[PDB]
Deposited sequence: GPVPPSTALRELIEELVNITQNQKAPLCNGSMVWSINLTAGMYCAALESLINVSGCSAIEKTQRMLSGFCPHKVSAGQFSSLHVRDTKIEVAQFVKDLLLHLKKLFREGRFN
């Protein structure tokens, strides 16, 4: 099914932002991006700059399959999660 890649990406974003898990990347900060569809490249470019972590490693691979101010990785992933769910609903799987 062609919605599998996005479904799995969404599901990974959820897994790594569970309340139980520690604050993502120890509160490292990344460039915020404009979430407007076809933003997978830009999202990868923000995340690939976070060295180590490992918690976002799977998200980084997942974004690869798709490809002026800073915010916490936690907030970045949560805002991206919400956006992708809306894309999923509208049938944008690419």
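Asks: Taking the deposited sequence as numbered from 1, list the residue ranges that were left without C-alpha coordinates.
Replies: Those stretches are 1-3, 71-85, listed in order.
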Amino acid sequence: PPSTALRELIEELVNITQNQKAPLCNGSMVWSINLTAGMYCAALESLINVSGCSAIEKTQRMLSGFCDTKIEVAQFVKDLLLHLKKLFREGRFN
From here on, numbers count along this sequence of modelled residues.
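C-alpha atoms forming the largest set that superposes within 1.5 Å between two forms make up the rigid core.
Asks: Please indicate which stretch deviates more in 4 other deposited structures of this protein: 69-77 or 5-13, judged by C-alpha RMS distance after a core superposition?
Replies: It is 69-77 that deviates more in 4 other deposited structures of this protein.
Asks: Please establish whether a third or more of the other compared PDB entries omit coordinates for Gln18.
Replies: No, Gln18 is modelled in every one of the other compared entries that cover both of its flanks.
Asks: Using only the Cα atoms and their B-factors as the entry lists them, report which of 81-89 and 18-26 averages higher.
Replies: Averaging CA B-factors over each stretch, the winner is 18-26.
Asks: Using the B-factor values recorded in the entry, state whether the Cα atom of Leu35 falls in the lowest, middle or highest third among the modelled residues of its chain.
Replies: It belongs to the highest third of the chain when residues are ordered by C-alpha B-factor.
Asks: Against its chain's modelled residues, does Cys67's Cα B factor rank lowest, middle or highest third?
Replies: It falls in the top third of the chain.
Asks: Compare the C-alpha B factor of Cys53 with those of the other modelled residues in its chain, then answer lowest, middle or highest third.
Replies: Top third by C-alpha B-factor.
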